[PDB]
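Encoded as structure tokens, the structure appears first; notes follow it.
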Amino acid sequence: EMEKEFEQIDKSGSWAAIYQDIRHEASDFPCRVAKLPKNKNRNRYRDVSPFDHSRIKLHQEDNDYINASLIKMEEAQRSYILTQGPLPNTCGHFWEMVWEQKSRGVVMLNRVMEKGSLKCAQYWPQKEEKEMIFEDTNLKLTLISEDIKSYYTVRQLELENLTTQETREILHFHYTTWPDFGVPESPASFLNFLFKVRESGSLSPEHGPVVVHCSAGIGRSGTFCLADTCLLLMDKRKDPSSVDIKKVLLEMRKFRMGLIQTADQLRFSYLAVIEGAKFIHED
Ligand SMILES: Cc1ccc2nc(C(F)(F)F)cc(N3CCNCC3)c2c1
Ligand SMILES: Cc1ccc2nc(C(F)(F)F)cc(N3CCNCC3)c2c1
């Protein structure tokens, strides 16, 4: 079915109309903590905030606030943490969250710089011999190795809690080739990247939730979790054509606002689910 709906929407040029519908219908819940005066320098964008009911709380009190949300999908039996790209003053909070929530993987869907503007802090070490220390949260981070490919990079990191000298292996999955403008023409590399994350075991119930981000933590990040979930649901259910991608996206929007930011991103998500279901000189 999904193939044939996609065909009609493309023919009618109705992606923008469907997208405005999703926006009109979405949930609204309060975000009072995000809006406190003391939290102004913890938010990259004033119009992207976590709902109170689903925000992640830091355990090192004094201030428990981080721009991050728990997306808990009940039928699919998978959880994710969606967060903004860390700021220069929130990298310590980011790693504190990964530690406290027992995450095994971090998924990054942007480059630090795009279009000559900073989108995310350099929150991980680029060289084995030059480790990072976060003095405010008492954490050390070391690059162990990396595997660089044409469309994405996988890094092995070691995260140490200095208060206890406990260490843990964290996998960093970095999609390095999403366009400055628009979306990928083909979802093939996006699909190979998802399979890599799945195959690592980073998504399994034995771990804490995977941490997923882009710059705001709602657009590209939304496409990742929406596609993962719908593909889980295509497998679990007896007719995969029962899976309503609009309905799934509305359910996820109960836990974080804004997920999928453009009509182009909504079409790509459809596209990625249609293609992933099949496995289960101008310049
Ligand atoms: C046999 C098999 C089973 C499940 C798979 N799932 C995906 C998916 F995108 F992770 F869902 C991608 C998959 N492939 C991996 C190999 N290249 C194309 C994408 C895949 C392959
Ligand atoms: C045949 C067709 C029909 C409708 C389309 N609509 C969009 C839109 F941006 F999602 F509105 C993007 C579309 N794509 C984006 C990716 N490159 C081809 C144009 C599109 C393509």
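Ordered as shown in the structure tokens, chains take letters A, B, and onward, while each chain numbers its residues from 1 and ligands are numbered from 1 in the order shown.
Using only C-alpha atoms and all ligand atoms, we find that the residues with an atom at most 6 Å from any atom of ligand 2 are residues 10, 13, 15, 16, 185, 263, 264 and 267 of chain A.
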Check which residues fall inside 7 Å of ligand 1 when counting only C-alpha atoms and all ligand atoms, and print them as a PyMOL selection string. chain A and resi 188+191-192+194-195+198+231+276-277+279-280
How would the residues just picked look written out with C-alpha atoms as a compact mmCIF listing (two decimals), in the first residue's frame?
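As written to disk, part.txt reads:
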```txt
# COMPACT_ATOMS: atom_id res chain seq x y z
CA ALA A 188 20.28 3.77 0.69
CA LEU A 191 19.44 2.58 5.65
CA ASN A 192 22.97 1.04 5.76
CA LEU A 194 20.57 2.37 10.59
CA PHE A 195 21.50 -1.32 10.09
CA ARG A 198 20.95 -1.98 15.03
CA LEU A 231 10.28 -0.67 10.35
CA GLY A 276 13.96 -0.46 4.16
CA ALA A 277 10.81 -2.65 4.24
CA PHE A 279 15.16 -5.84 3.27
CA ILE A 280 12.79 -7.15 5.97
```
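Using only C-alpha atoms, the shortest contact distance between residue 86 (chain A) and any of A:207, A:42, A:55, A:35 is found at A:42.
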Tell me, as JSON, numbers by chain, which residues lie within 8 Å of residue 174 (chain A), counting only C-alpha atoms; anything in the same chain fewer than 5 positions away does not count. {"A": [107, 108, 109, 110, 152, 153, 154]}
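Closest approach to residue 53 (chain A) among A:132, A:34, A:76, A:91: A:34, based on only C-alpha atoms.
Between residue 134 (chain A) and the candidates A:12, A:189, A:89, A:150, the tightest atom-to-atom separation, counting only C-alpha atoms, involves A:89.
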DSSP-assigned strand (DSSP E) among region 159-241 of chain A, expressed as a VMD selection string: chain A and resid 159 to 161 166 to 175 210 to 213
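Between residue 216 (chain A) and the residues A:40, A:4, A:93, A:119, the shortest atom-to-atom distance, using only C-alpha atoms, involves A:119.
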Atom pair CA of residue 51 (chain A) + CA of residue 28 (chain A), distance 8.5 Å
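Residue nearest residue 77 (chain A) within the list A:36, A:112, A:233, A:183: A:233 [criterion: smallest interatomic distance, only C-alpha atoms].
Across A:80, A:19, A:99, A:268, the tightest approach to residue 227 (chain A) is made by A:268 when counting only C-alpha atoms.
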Tell me, as a list in words, which residues lie within 10 Å of residue 102 (chain A), counting only C-alpha atoms; anything in the same chain fewer than 6 positions away does not count. residues 96, 168, 170, 206, 207, 208, 209 and 210 of chain A
May I have all residues of region 77-146 of chain A that DSSP, computed from the backbone, assigns to alpha helix (DSSP H), given as a ChimeraX atom specification? /A:91-101
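With only C-alpha atoms taken into account, the protein and nucleic acid residues at most 10 Å from residue 69 (chain A) (excluding it and anything under 2 positions from it in its own chain) are residues 49, 50, 51, 52, 53, 54, 55, 56, 57, 66, 67, 71, 72, 80, 81, 82, 83, 84, 211, 217, 255, 256 and 257 of chain A.
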So that I have them on file, write out the residues from the current selection with N, CA and C atoms, as a PDB file, in the first residue's frame.
```pdb
ATOM      1  N   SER A  49      11.896  23.260  22.728  1.00  0.00           N
ATOM      2  CA  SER A  49      12.014  22.901  24.143  1.00  0.00           C
ATOM      3  C   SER A  49      11.454  21.509  24.439  1.00  0.00           C
ATOM      4  N   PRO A  50      11.952  20.832  25.464  1.00  0.00           N
ATOM      5  CA  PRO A  50      11.366  19.550  25.925  1.00  0.00           C
ATOM      6  C   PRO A  50      10.103  19.757  26.794  1.00  0.00           C
ATOM      7  N   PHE A  51       9.085  18.911  26.620  1.00  0.00           N
ATOM      8  CA  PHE A  51       7.928  18.970  27.483  1.00  0.00           C
ATOM      9  C   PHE A  51       8.360  18.550  28.892  1.00  0.00           C
ATOM     10  N   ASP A  52       7.726  19.187  29.888  1.00  0.00           N
ATOM     11  CA  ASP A  52       7.978  18.784  31.247  1.00  0.00           C
ATOM     12  C   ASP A  52       7.802  17.315  31.538  1.00  0.00           C
ATOM     13  N   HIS A  53       6.713  16.683  30.996  1.00  0.00           N
ATOM     14  CA  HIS A  53       6.380  15.327  31.384  1.00  0.00           C
ATOM     15  C   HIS A  53       7.406  14.259  30.907  1.00  0.00           C
ATOM     16  N   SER A  54       8.123  14.593  29.818  1.00  0.00           N
ATOM     17  CA  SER A  54       9.058  13.618  29.244  1.00  0.00           C
ATOM     18  C   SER A  54      10.538  14.058  29.235  1.00  0.00           C
ATOM     19  N   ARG A  55      10.844  15.212  29.825  1.00  0.00           N
ATOM     20  CA  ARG A  55      12.271  15.680  29.866  1.00  0.00           C
ATOM     21  C   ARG A  55      13.180  14.750  30.655  1.00  0.00           C
ATOM     22  N   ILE A  56      14.463  14.706  30.205  1.00  0.00           N
ATOM     23  CA  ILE A  56      15.456  13.931  30.961  1.00  0.00           C
ATOM     24  C   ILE A  56      15.989  14.850  32.102  1.00  0.00           C
ATOM     25  N   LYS A  57      15.972  14.314  33.346  1.00  0.00           N
ATOM     26  CA  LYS A  57      16.519  15.040  34.515  1.00  0.00           C
ATOM     27  C   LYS A  57      17.988  14.573  34.788  1.00  0.00           C
ATOM     28  N   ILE A  66      18.463  19.684  31.128  1.00  0.00           N
ATOM     29  CA  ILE A  66      19.082  19.481  29.807  1.00  0.00           C
ATOM     30  C   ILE A  66      17.998  19.424  28.686  1.00  0.00           C
ATOM     31  N   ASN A  67      18.272  20.046  27.541  1.00  0.00           N
ATOM     32  CA  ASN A  67      17.286  20.046  26.426  1.00  0.00           C
ATOM     33  C   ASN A  67      17.291  18.642  25.767  1.00  0.00           C
ATOM     34  N   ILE A  71      11.560   9.445  24.377  1.00  0.00           N
ATOM     35  CA  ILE A  71      10.516   8.942  23.498  1.00  0.00           C
ATOM     36  C   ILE A  71      10.368   7.475  23.750  1.00  0.00           C
ATOM     37  N   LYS A  72       9.215   7.093  24.353  1.00  0.00           N
ATOM     38  CA  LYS A  72       8.995   5.717  24.823  1.00  0.00           C
ATOM     39  C   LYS A  72       7.874   5.110  23.975  1.00  0.00           C
ATOM     40  N   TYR A  80      14.102   5.936  22.905  1.00  0.00           N
ATOM     41  CA  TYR A  80      15.128   6.834  22.388  1.00  0.00           C
ATOM     42  C   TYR A  80      15.179   8.118  23.243  1.00  0.00           C
ATOM     43  N   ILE A  81      16.367   8.703  23.378  1.00  0.00           N
ATOM     44  CA  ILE A  81      16.510  10.098  23.890  1.00  0.00           C
ATOM     45  C   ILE A  81      16.850  11.033  22.727  1.00  0.00           C
ATOM     46  N   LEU A  82      16.011  11.984  22.419  1.00  0.00           N
ATOM     47  CA  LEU A  82      16.241  13.016  21.422  1.00  0.00           C
ATOM     48  C   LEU A  82      16.707  14.265  22.116  1.00  0.00           C
ATOM     49  N   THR A  83      17.842  14.797  21.685  1.00  0.00           N
ATOM     50  CA  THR A  83      18.452  15.982  22.291  1.00  0.00           C
ATOM     51  C   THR A  83      19.048  16.912  21.207  1.00  0.00           C
ATOM     52  N   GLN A  84      19.210  18.191  21.510  1.00  0.00           N
ATOM     53  CA  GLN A  84      19.853  19.156  20.675  1.00  0.00           C
ATOM     54  C   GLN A  84      21.371  18.845  20.625  1.00  0.00           C
ATOM     55  N   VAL A 211      21.019   7.758  22.453  1.00  0.00           N
ATOM     56  CA  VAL A 211      20.948   9.194  22.366  1.00  0.00           C
ATOM     57  C   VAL A 211      21.062   9.626  20.923  1.00  0.00           C
ATOM     58  N   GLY A 217      17.599  18.705  17.306  1.00  0.00           N
ATOM     59  CA  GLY A 217      17.118  17.417  17.852  1.00  0.00           C
ATOM     60  C   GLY A 217      15.634  17.093  17.558  1.00  0.00           C
ATOM     61  N   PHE A 255       5.828  13.093  22.893  1.00  0.00           N
ATOM     62  CA  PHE A 255       6.988  13.093  23.790  1.00  0.00           C
ATOM     63  C   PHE A 255       7.995  14.210  23.475  1.00  0.00           C
ATOM     64  N   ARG A 256       8.075  14.723  22.240  1.00  0.00           N
ATOM     65  CA  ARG A 256       8.906  15.892  21.884  1.00  0.00           C
ATOM     66  C   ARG A 256       8.253  16.618  20.714  1.00  0.00           C
ATOM     67  N   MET A 257       8.155  17.936  20.808  1.00  0.00           N
ATOM     68  CA  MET A 257       7.538  18.835  19.804  1.00  0.00           C
ATOM     69  C   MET A 257       8.295  18.887  18.482  1.00  0.00           C
TER      70      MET A 257
END
```
Neighbours of residue 145 (chain A) within 12 Å (only C-alpha atoms; same-chain residues fewer than 2 positions away dropped), as JSON, numbers by chain? {"A": [125, 126, 127, 128, 129, 142, 143, 147, 148, 153, 154, 155, 156, 157, 158, 169, 170, 171, 172]}
Store the residues of this selection in a file with N, CA and C atoms, as a compact mmCIF listing (two decimals), in the first residue's frame.
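Writing done, so here's selection.txt:
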```
# COMPACT_ATOMS: atom_id res chain seq x y z
N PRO A 125 36.64 13.88 21.44
CA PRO A 125 38.04 14.03 20.98
C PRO A 125 38.32 13.48 19.59
N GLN A 126 39.03 14.27 18.82
CA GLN A 126 39.47 13.89 17.45
C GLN A 126 40.77 13.11 17.32
N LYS A 127 41.55 13.09 18.37
CA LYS A 127 42.83 12.38 18.39
C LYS A 127 42.98 11.55 19.69
N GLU A 128 43.45 10.31 19.56
CA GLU A 128 43.63 9.34 20.63
C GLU A 128 44.42 9.96 21.81
N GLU A 129 45.48 10.65 21.49
CA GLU A 129 46.38 11.23 22.50
C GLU A 129 45.94 12.54 23.17
N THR A 142 37.90 9.56 26.08
CA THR A 142 39.06 9.21 25.24
C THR A 142 38.61 8.53 23.92
N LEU A 143 39.19 8.99 22.81
CA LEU A 143 39.02 8.27 21.52
C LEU A 143 39.88 7.01 21.48
N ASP A 147 36.41 4.01 12.50
CA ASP A 147 36.29 3.43 11.17
C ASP A 147 35.57 4.45 10.29
N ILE A 148 36.33 5.10 9.41
CA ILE A 148 35.82 6.15 8.56
C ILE A 148 35.43 5.56 7.21
N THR A 153 30.83 7.48 9.80
CA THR A 153 32.02 7.14 10.63
C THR A 153 31.51 6.52 11.93
N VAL A 154 32.12 5.40 12.37
CA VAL A 154 31.84 4.77 13.64
C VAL A 154 33.06 4.89 14.56
N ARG A 155 32.89 5.50 15.75
CA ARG A 155 34.01 5.63 16.71
C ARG A 155 33.79 4.80 17.97
N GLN A 156 34.88 4.26 18.51
CA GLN A 156 34.91 3.61 19.84
C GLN A 156 35.43 4.62 20.81
N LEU A 157 34.60 5.02 21.79
CA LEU A 157 35.02 5.94 22.85
C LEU A 157 35.04 5.26 24.23
N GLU A 158 35.91 5.75 25.12
CA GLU A 158 35.91 5.30 26.55
C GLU A 158 35.53 6.47 27.47
N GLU A 169 32.55 1.54 27.58
CA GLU A 169 32.65 1.74 26.13
C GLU A 169 31.35 2.35 25.54
N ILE A 170 31.48 3.48 24.84
CA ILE A 170 30.40 4.17 24.11
C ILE A 170 30.68 4.13 22.61
N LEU A 171 29.69 3.75 21.78
CA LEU A 171 29.85 3.79 20.32
C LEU A 171 29.26 5.07 19.78
N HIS A 172 29.96 5.78 18.94
CA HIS A 172 29.56 7.03 18.29
C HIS A 172 29.27 6.74 16.79
```
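Computed from the coordinates, the CA of residue 124 (chain A) to CA of residue 173 (chain A) distance equals 12.0 Å.
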As JSON, numbers by chain, please: the residues near residue 222 (chain A) (cut-off 8 Å, only C-alpha atoms, same-chain neighbours under 4 positions excluded). {"A": [217, 218, 226, 259, 260]}
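Atom pair CA of residue 179 (chain A) / CA of residue 85 (chain A): separated by 17.1 Å.
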